[PDB]
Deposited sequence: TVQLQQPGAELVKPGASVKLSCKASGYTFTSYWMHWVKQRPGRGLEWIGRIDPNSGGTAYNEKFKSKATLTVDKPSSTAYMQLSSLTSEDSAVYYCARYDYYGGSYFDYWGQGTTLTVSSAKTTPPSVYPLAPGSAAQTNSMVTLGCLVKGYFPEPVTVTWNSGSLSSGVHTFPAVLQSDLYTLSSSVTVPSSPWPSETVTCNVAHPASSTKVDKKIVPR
């Protein structure tokens, strides 16, 4: 019993997609196939559900003409097709099974598919230095506007491996941007030069940036 569904897809705006969920396990008829959409920062949204046997379906009006639930009996697969995909559709999409009302639950969830509505074409990041304007000291590198994921930011050829934090990227302008801040002690800097190391293999880009005061 494992509800397998592919982990990711890329899709251009205005297009549509069909997310498949092949139910590896004990039954289909005995269970219901619901669909849920998790977007970082706004929990879960029930899209709807479909019955294996008949095909009949009920949805969340908010997706009334966005999703289209179907099911193929010969392959124990459940599909969901979103049409006219827009920037909001970008989300993690799951297919969980329902046990009758009888114990009444969503015992086994599919791992989700990370749909990505984006017109962006491969694009290299732009490294910008983040420096203090005044004991310890926080320096940084802004890795702005890059696609696709994911970027590799390191400090001093690996030498600074602490006082370092590289946060998650944020999506906007259909490009990702993130940052790495490094707390190197107030003595080293400005004294010892501090340099951040960014690489975006998706473009095969590699850049250096020495954090200078200003």
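Absence of C-alpha coordinates is noted for several segments of the deposited sequence, namely 1, 136-140.
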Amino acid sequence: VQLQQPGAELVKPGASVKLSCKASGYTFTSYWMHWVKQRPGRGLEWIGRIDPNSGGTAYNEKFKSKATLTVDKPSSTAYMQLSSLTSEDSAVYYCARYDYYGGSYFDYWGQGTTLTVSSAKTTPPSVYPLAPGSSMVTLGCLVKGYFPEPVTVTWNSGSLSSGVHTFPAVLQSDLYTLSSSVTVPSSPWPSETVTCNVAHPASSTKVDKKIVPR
From here on, numbers count along this sequence of modelled residues.
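Two stretches are in play, 80-88 and 93-101, and the higher mean C-alpha B-factor belongs to 93-101. For the pair 68-76 and 115-123, the mean B factor over Cα atoms is greater in 68-76. Looking at 48, 163, 56, 145, the one whose CA carries the top B-factor in the deposited record is 163. For residue 24, the recorded CA temperature factor ranks within the highest third of the chain's modelled residues. When the CA B factors of the chain's modelled residues are split into thirds, the value for residue 130 lands in the middle one. Among the modelled residues of the chain, residue 11 sits in the middle third by CA temperature factor in this PDB entry. In the PDB entry, residue 196 places in the middle third of its chain by CA B-factor. Annotation for residue 44: C-alpha temperature factor in the middle third relative to the rest of the modelled chain, per the entry.
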